[PDB]
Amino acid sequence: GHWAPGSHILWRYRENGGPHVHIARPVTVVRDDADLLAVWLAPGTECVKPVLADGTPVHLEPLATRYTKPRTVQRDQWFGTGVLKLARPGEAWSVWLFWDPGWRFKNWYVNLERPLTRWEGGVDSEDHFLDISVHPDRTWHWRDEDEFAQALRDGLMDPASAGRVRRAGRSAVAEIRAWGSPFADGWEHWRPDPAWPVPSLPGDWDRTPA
């Protein structure tokens, strides 16, 4: 079934090549139907993110060991402006919209990922490392090609899995070139309902349904 707009759910990613949740983001459902799930991640929301086992930031670990060193999780608020996330059921990416203060639209962000799986409390995925940035002038470029390369070097991905990610990348680029959904759909002009509260991080944010 579908969640009513205004519902609170969790949007989650598992650790790379493991079963445990490492990213958990409480979000408000904007739209949920057979064609699209859209959610709003508000500024200040309490989230879960990965850190290295010593609590230090993943991004600061050299690439050579960034994906080999032991990790844990940390609660942290969503910094900066809120993000709108959009995902077609069954599709191997979601598209997130980023704005600067004053709702100055910055870019669409194509997050290549395992198609979201729905469960009672939200949606779960696995990030595929490679991303795409799309600018308001319709141009585009890759992000994190080097992290994608590193992940395959460390066996976080098979040649076959990597191939599937590259295929997804080509399909997303095809949509960008054609200016299809959701790029063409004016979500850059969407605004959250000011009455919506900031959703809480559930104490059981890490539960994994069978």
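Residue numbers run from 1 along the displayed sequence.
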159-167 or 31-39, whichever carries the higher mean Cα B-factor
159-167
Average Cα temperature factor in the PDB entry - higher stretch of 68-76, 119-127
68-76
Where does the C-alpha B-factor of residue 82 rank in its chain, lowest, middle or highest third?
lowest
For residue 26, return the chain-relative third of its C-alpha B-factor as stated in the PDB record: lowest, middle or highest.
lowest
Ranking the modelled residues of this chain by C-alpha B-factor as given in the entry, is residue 153 in the lowest, middle or highest third?
highest
Just say lowest, middle or highest third for the CA B-factor of residue 49 relative to the other modelled residues in its chain.
middle
When the deposited Cα B-factors of this chain's modelled residues are ordered and cut into thirds, is residue 8 in the lowest, the middle or the highest one?
middle
